[PDB]
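In what follows, a structure is listed as structure tokens, so that the remarks can point back to it.
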Amino acid sequence: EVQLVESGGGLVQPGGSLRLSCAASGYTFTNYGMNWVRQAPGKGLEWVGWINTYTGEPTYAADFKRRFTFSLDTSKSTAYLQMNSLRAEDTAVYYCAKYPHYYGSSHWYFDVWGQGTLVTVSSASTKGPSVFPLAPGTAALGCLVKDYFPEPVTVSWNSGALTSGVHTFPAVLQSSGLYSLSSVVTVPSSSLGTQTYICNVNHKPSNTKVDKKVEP
Amino acid sequence: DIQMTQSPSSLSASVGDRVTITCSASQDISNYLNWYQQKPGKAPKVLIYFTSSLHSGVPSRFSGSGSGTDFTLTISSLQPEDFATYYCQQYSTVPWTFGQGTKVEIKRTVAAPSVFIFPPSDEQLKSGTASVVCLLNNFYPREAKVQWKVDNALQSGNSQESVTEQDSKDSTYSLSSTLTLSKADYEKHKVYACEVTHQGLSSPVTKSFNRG
DNA sequence: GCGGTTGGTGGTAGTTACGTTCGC
């Protein structure tokens with residue numbers, strides 16, 4: 001199977017540097033260019049540039065050459081995007097992408113994409129969330145995930161065994177400059193006292209893992 | 001650089017409807033135009049390439065047309081799973097550029113929200129803050145009005161709302177409204193109520209509690 | 001059979017239509 005796996009995303013201060021990696025597998029690496037596309041939160045798509053994976057020759061859009069460098073390690077089937085002098089406006093999910101198996105005669109399109117890696121450029125410090133219970137023939141219950149930076153947070157219920165009726169809201173940015181969200185689920189009121197309900201919160205950026213029993 | 005403009009920027013249509021999305025280029029792009037579909041928290045997925053070619057795996061209800069500076073994506077029979085943002089992209093001249101995106105919402109029958117209110121947890125209160133949360137669950141259409149009443153006085157302007165993306169199966173939305181007070185401010189009031197107005201409700205629904 | 005989801009050699013190029021592939 002053709003796949004592109006990215007890594008290297010994280011929080012970095014303005015003026016700082018990050019190196020992203022795009023690990024390719026399941027095809028002849030040097031037969032396809034590697035493209036880089038970014039998407040700012042709640043925004044559209046912007047092509048950063050590409051690199052010929054045999055010649056190593058990069059082509060950058062706009063002004064990216066001033067600050068960004070594409071490179072390769074063919075012995076690892078990996079492409080890199082080194083970013084320097086990062087600005088707030090560089091906050092975005094970064095994707096790598098490749099053309100289709102057959103791209104001849106102008107069949108050029110982004111056929112396979114990486115999963116994306118989020119780059120956040122901020123002067124604000126990392127902070128893990130506090131996790132509070134939202135206590136309950138249908139009862140609703142949840143967890144409030146309060147005061148964290150940066151994105152993202154993931155929430156599961158009962159280690160993924162409870163999926164039906166789960167709603168995890170998009171985070172809101174508070175005046176403080178911190179994010180907060182809730183995750184909720186609906187259950188039968190009969191099951192309160194029967195089934196244990198645990199919300200599992202993961203905030204990778206701060207290495208915060210919290211399990212929370214939501215009791216009636 | 002070639003500017004790509006889509007029209008409309010957002011649309012709503014019923015299951016089975018024909019939907020068209022237009023893409024205009026700032027100069028002739030020689031049929032070098034692709035369409036992508038992007039669902040929440042996923043990478044874009046190619047649907048149509050080189051103006052009119054349907055990608056393997058993509059349902060035949062998707063088609064593309066156009067030439068010169070004017071292009072169209074047609075969805076011949078819209079399905080609930082087609083909730084997504086659609087993007088056109090030119091590859092005539094570097095840098096490659098995308099349109100701004102068109103958000104497609106799926107119409108469905110009116111569905112009133114189920115409303116729930118949550119008092120602040122003891123856990124949060126012990127830290128000196130109080131968040132009161134109102135949940136509106138599984139409604140359509142998206143517009144809903146939430147008022148906060150604290151001892152009959154309105155505090156709606158002090159709250160923050162978040163709305164889920166449209167569900168890709170049942171086409172509904174959910175909404176949270178959160179009103180956060182200092183522990184001190186919380187303790188100077190008795191009745192906390194959220195009052196909900198929506199097209200699915202003949203009269204406002206209020207959920208409330210008395211502090212302690 | 002014949003268009004993609006694939007394999008493999010060459011190679012400074014989207015490199016790309018081919019065959020040894022894959023899948024209706």
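Ligands are numbered from 1 in the order shown, chains are lettered A, B, ... in the order of the structure tokens, and residues start at 1 in each chain.
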
- [ ] Apply DSSP to the structure's backbone, then extract all residues of range 19-138 of chain B labelled alpha helix (DSSP H) and return them as a list in words.
- [x]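 So the alpha helix (DSSP H) residues in range 19-138 of chain B would be residues 122, 123, 124 and 125 of chain B.
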
Task: Proximal residues of chain B relative to chain C (only C-alpha atoms (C1' of nucleotides); 12 Å) as JSON, numbers by chain - done: {"B": [54, 55, 56, 57]}

Next, dump the selected residues to file, keeping only C-alpha atoms, as a PDB file, in the first residue's frame.
ATOM      1  CA  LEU B  54     -13.395  10.686 -12.418  1.00  0.00           C
ATOM      2  CA  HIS B  55     -10.864   9.174  -9.977  1.00  0.00           C
ATOM      3  CA  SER B  56     -11.067   5.417  -9.269  1.00  0.00           C
ATOM      4  CA  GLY B  57     -13.276   4.647  -6.265  1.00  0.00           C
TER       5      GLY B  57
END

Task: Straight-line distance linking CA of residue 2 in chain A with CA of residue 27 in chain A, stated in Å to one decimal - done: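 Pair CA of residue 2 in chain A / CA of residue 27 in chain A returns 6.1 Å.
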
- [ ] Could the residues of chain A within 10 Å of chain B, counting only C-alpha atoms, be given as a PyMOL selection string, please?
- [x] chain A and resi 37+39+43-50+59-62+93+95+97+106-116+130-136+138-142+144+146+165+167-174+180-186

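Using only C-alpha atoms (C1' of nucleotides), the part of chain A that sits within 10 Å of chain C is made up of residues 1, 2, 26, 27, 28, 30, 31, 32, 33, 52, 53, 54, 55, 56, 57, 99, 100, 101, 102, 103, 104, 105, 106, 107 and 108 of chain A.
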
Save the residues we just selected, N, CA, C and O atoms, as a compact mmCIF listing (two decimals), in the first residue's frame?
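Dumped to result-v1.txt:
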# COMPACT_ATOMS: atom_id res chain seq x y z
N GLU A 1 0.87 -1.20 0.00
CA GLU A 1 0.00 0.00 0.00
C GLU A 1 0.90 1.24 0.00
O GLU A 1 1.92 1.26 0.69
N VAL A 2 0.53 2.23 -0.80
CA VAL A 2 1.24 3.50 -0.84
C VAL A 2 0.84 4.31 0.39
O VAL A 2 -0.35 4.56 0.57
N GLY A 26 5.96 1.88 -0.01
CA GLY A 26 5.06 1.09 -0.85
C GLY A 26 5.08 1.51 -2.32
O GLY A 26 4.16 1.19 -3.06
N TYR A 27 6.13 2.23 -2.74
CA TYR A 27 6.29 2.63 -4.14
C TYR A 27 7.76 2.99 -4.36
O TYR A 27 8.51 3.09 -3.39
N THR A 28 8.17 3.21 -5.62
CA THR A 28 9.54 3.61 -5.91
C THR A 28 9.71 5.09 -5.56
O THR A 28 9.20 5.95 -6.28
N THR A 30 11.98 7.41 -5.70
CA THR A 30 12.62 8.43 -6.55
C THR A 30 11.90 8.61 -7.89
O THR A 30 12.43 9.32 -8.76
N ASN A 31 10.72 8.01 -8.06
CA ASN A 31 9.95 8.13 -9.31
C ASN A 31 8.86 9.21 -9.21
O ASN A 31 8.21 9.50 -10.23
N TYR A 32 8.66 9.78 -8.02
CA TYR A 32 7.57 10.74 -7.75
C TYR A 32 8.14 11.93 -6.97
O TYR A 32 8.86 11.74 -6.01
N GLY A 33 7.81 13.15 -7.42
CA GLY A 33 8.13 14.34 -6.64
C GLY A 33 7.47 14.27 -5.28
O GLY A 33 6.50 13.54 -5.08
N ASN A 52 12.03 17.37 -6.68
CA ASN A 52 12.27 16.22 -7.55
C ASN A 52 13.10 15.22 -6.73
O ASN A 52 14.17 15.58 -6.25
N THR A 53 12.60 14.00 -6.53
CA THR A 53 13.20 13.10 -5.53
C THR A 53 14.41 12.35 -6.10
O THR A 53 15.13 11.66 -5.34
N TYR A 54 14.64 12.43 -7.41
CA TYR A 54 15.88 11.90 -7.96
C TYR A 54 16.96 12.99 -7.98
O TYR A 54 18.06 12.77 -7.49
N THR A 55 16.63 14.16 -8.52
CA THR A 55 17.64 15.22 -8.71
C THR A 55 17.89 15.98 -7.41
O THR A 55 18.94 16.62 -7.26
N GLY A 56 16.91 15.95 -6.48
CA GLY A 56 16.99 16.73 -5.25
C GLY A 56 16.68 18.21 -5.46
O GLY A 56 16.78 19.00 -4.53
N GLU A 57 16.25 18.59 -6.67
CA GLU A 57 16.02 20.02 -7.00
C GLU A 57 14.68 20.49 -6.43
O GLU A 57 13.63 19.95 -6.79
N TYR A 99 1.92 12.63 -6.62
CA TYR A 99 1.17 12.38 -7.84
C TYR A 99 0.75 10.91 -7.90
O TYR A 99 1.30 10.07 -7.18
N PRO A 100 -0.21 10.60 -8.79
CA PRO A 100 -0.69 9.23 -8.98
C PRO A 100 0.37 8.31 -9.59
O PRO A 100 1.34 8.77 -10.18
N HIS A 101 0.16 7.00 -9.45
CA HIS A 101 1.10 6.03 -9.98
C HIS A 101 1.45 6.34 -11.45
O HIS A 101 2.64 6.35 -11.80
N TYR A 102 0.43 6.57 -12.28
CA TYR A 102 0.64 7.10 -13.63
C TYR A 102 0.27 8.58 -13.65
O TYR A 102 -0.89 8.94 -13.43
N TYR A 103 1.26 9.42 -13.95
CA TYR A 103 1.08 10.85 -14.01
C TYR A 103 1.44 11.40 -15.39
O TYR A 103 1.45 12.61 -15.59
N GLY A 104 1.74 10.52 -16.35
CA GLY A 104 2.16 10.99 -17.69
C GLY A 104 1.05 11.74 -18.40
O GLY A 104 -0.11 11.70 -17.99
N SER A 105 1.43 12.46 -19.46
CA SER A 105 0.50 13.19 -20.32
C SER A 105 -0.40 14.09 -19.48
O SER A 105 -1.61 14.16 -19.72
N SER A 106 0.21 14.76 -18.49
CA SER A 106 -0.40 15.84 -17.71
C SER A 106 -1.46 15.34 -16.72
O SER A 106 -2.33 16.11 -16.29
N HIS A 107 -1.38 14.07 -16.32
CA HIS A 107 -2.25 13.53 -15.30
C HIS A 107 -1.68 13.88 -13.93
O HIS A 107 -1.15 13.02 -13.22
N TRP A 108 -1.73 15.18 -13.60
CA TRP A 108 -1.03 15.69 -12.42
C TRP A 108 -2.07 16.11 -11.38
O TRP A 108 -2.85 17.00 -11.63

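Across the model, the gap from CA of residue 196 in chain A to CA of residue 211 in chain B is 26.0 Å.
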
Open item on the list: Could you tell me how far CA of residue 156 in chain A sits from CA of residue 189 in chain A, in Å to one decimal place?
Closed with: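 Distance between the two atoms: 20.5 Å.
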
TODO: Write out as a VMD selection string all residues of range 22-184 of chain B that DSSP puts in strand (DSSP E or B) for this structure's backbone.
DONE: chain B and resid 22 to 25 33 to 38 45 to 49 53 to 54 62 to 67 70 to 75 84 to 90 97 to 98 102 to 107 111 114 to 118 129 to 140 145 to 150 153 to 154 160 to 163 173 to 182
